[PDB]
């Protein structure tokens, strides 16, 4: 009937889980700066078609508690995959393998889940963030800084306290509205002191997919938690690069479908389109099926194009 919420002890956290439906499990993993709630439309669509949809708030987000906000080292990709493995052990006890659907930093987590524990995943649908072949020369923060400079969001998120202080006088609702409705293919810039002024606005009609009630759901949660938990994922990127050196040259061996919006800023990182479409991606992910690009859509595809995303998930997982 209705979406059920519970709290589950996992990997030192008290994790909030939302759940709908009965049948084979699909784990949904949200992105930045989002919540379990970003999957609202898919949960309904797949539950109606005989699956059990489960979507947690990740470490540092929403109603999930226990991670120390003052130590970004506890938001490493090893901690995060640890969370997910523990979650699956707690909530999918009689399914050796489950389906995984993920978006943005959720997809970053999912790629590493499949590297570390392919035995847990039956098939994967990842949105927005393609596999990143580890660059042995430098970490991702340094790479993106070399391209886009110091005001690039990844660079600005690095120093603890700074982006939090930038957002404080603006309020969570304005920050989330600006990010959620963003449509330009350039990365976000947060120059010191300029608030949201360096972020262009699209015509209002292009965000009619986001109701005021939906926006308020996010704004209310983030008013309470703040942004430190979410931003700490980016502060951990340098250590993530060091910690993942053992998987140089390793392939993801799980059957995979990848989907991205035409206007997604990640899709416009220099080299990404080449990697995705011209063979590199398929080499790292040998069971990657045909890549899907959603024409006229931007980053938040699960909410902007819910039917297309829901159906793409259903059609993929039905093959198994």
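Positions refer to the first chain, counted from 1.
Of the two segments examined, 176-184 and 194-202, it is 194-202 that shows the higher average Cα temperature factor in the deposited entry. Look at the mean CA B-factor for 211-219 and for 233-241 in the entry; the higher one is 211-219.
The PDB entry assigns its highest CA temperature factor, among 288, 265, 260, 67, to 67. Going by the entry's values, 283 shows the largest Cα B-factor out of 30, 59, 283, 40. Sort the modelled residues of the chain by CA B factor and residue 302 lands in the middle third. In this PDB entry, residue 50 carries a Cα temperature factor that places it within the middle third of its chain's modelled residues. Ranked by C-alpha B-factor against the other modelled residues of its chain, residue 153 falls in the lowest third. Per the PDB record, residue ranking by Cα B-factor puts residue 83 in the lowest third of the chain.
Per-chain ranking of the deposited C-alpha B factor places residue 103 in the lowest third.
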